[PDB]
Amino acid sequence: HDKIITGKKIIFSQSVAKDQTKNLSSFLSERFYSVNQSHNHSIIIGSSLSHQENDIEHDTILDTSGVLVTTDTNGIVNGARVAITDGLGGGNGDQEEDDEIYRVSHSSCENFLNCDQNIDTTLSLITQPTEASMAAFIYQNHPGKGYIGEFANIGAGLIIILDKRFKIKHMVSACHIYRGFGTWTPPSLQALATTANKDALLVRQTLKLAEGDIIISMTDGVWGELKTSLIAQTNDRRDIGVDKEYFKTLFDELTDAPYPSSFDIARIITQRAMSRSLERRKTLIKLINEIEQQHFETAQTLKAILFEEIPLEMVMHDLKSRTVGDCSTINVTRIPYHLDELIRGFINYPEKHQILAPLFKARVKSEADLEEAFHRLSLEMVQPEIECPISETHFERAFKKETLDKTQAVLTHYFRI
């Protein structure tokens, strides 16, 4: 469809003691789902959350992600609204608490998509009559200007904008506020209407976007497992994101991938994030068993966990009773090509062939550029089921090759005239 939003998901979360013998493949397969809109927008959603020695029977995913694809008056795709939310609190083993937190997480996301206003007006309408952080954006083609993207981040979500060669252009950074007693927690969408200092909480950027730009939104469950970087710290505020050099290396794979799906991009980041998460939790329980041998290298390992006077007994209780991981969600969007979307509309809506025919002349500089457009459309893949387990993904061609070839021949003939 044009509108897709993740549904309430309750999974069985095995303990670290059970996951400590499992490979990455098994860990991902039991914990993550693919929610697909098209080749150019996909969601991966799941939970890496685990107790050291106890299984979590009802592990409710408190993250939501959603998209509404928008069209011009002719029905040609020209924009989208995208939101990712992280419900604050929960994961304690109370279903009533998790249900309440999920309702706010989901409605926050849903309300953002259903609003038809610019981002600043949208945030005002959905923040007036349980907390959730939100990272969200609106892009739209403005005939004179091209694509303009409005970006909003409240809390510890993260948005990264790349070009078509996976060069990092912009980052809408995560935020933590100091709460006292050495603890930093993200602001919520709901906190925005309770204070005059909306800047201190709301990160806003308005950006010109190019065709084929990649926008990645992640909850801290995904990007927090990658190598992180402190961007800035004031008195009571921290600006945090991914190490840009490390994040760039994640795409080394796709360097020669002709037109990679949003799914493939999301999968690669999710795999690396959960690899580090799985190895992190392997190390912890083995270190715990290693420092139980003491009976009161490893030093740099023990140092790395704690620092990124407390009595030994308290630390061990902490490490042995600790939950690891979190609700982990990522959405990936490709900014559409003007020519590709006009061709999509021409094929899907052959009734509107007269109205669309005049628009091709402006969007076709050469036959080479037409061939480029039909090449991208040739490579588009869709998940016939909107949702399925990440390891049970089945993808088929968006178009019949024979349909694309006949349309290209017709359009090529008319260009050559």
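For every residue, the number given is its place in the sequence shown, counted from 1.
Residues of the deposited sequence that sit between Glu309 and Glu308 yet are not modelled
Gap between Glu308 and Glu309: 10 or more residues without coordinates.
How many missing residues of the deposited sequence lie between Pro129 and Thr130 in the entry, grouped as none, 1 to 3, 4 to 9, or 10 or more?
Gap size class: 10 or more residues without coordinates, per the record.
55-63 or 36-44, whichever carries the higher mean Cα B-factor:
Between 36-44 and 55-63, it is 55-63.
Between 340-348 and 312-320, which has the larger average Cα B-factor in the PDB entry?
Going by the record's values, the stretch with the higher mean is 312-320.
Can you tell me which of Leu113, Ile138, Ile160, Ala304 has the maximum CA B-factor listed in the PDB entry?
Going by the entry's C-alpha B-factors, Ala304 comes out highest.
Deposited CA B-factor, highest of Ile291, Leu226, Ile330, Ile335:
It is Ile291.
Lowest, middle or highest third: where is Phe296 by Cα B-factor in its chain?
Highest third of the chain for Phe296's C-alpha B-factor.
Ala266: which third of its chain by C-alpha temperature factor?
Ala266: CA B-factor falls in the lowest third of its chain.
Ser217 CA temperature factor, ranked by third within the chain
Bottom third by C-alpha B-factor.
Split into thirds by Cα B-factor across the chain's modelled residues, where does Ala210 land: lowest, middle or highest?
CA B-factor rank for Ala210: lowest third.
Based on the deposited C-alpha B factors for this chain, I'd like to know if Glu387 is in the lowest, middle or highest third.
Tercile = middle for this residue's CA B-factor.
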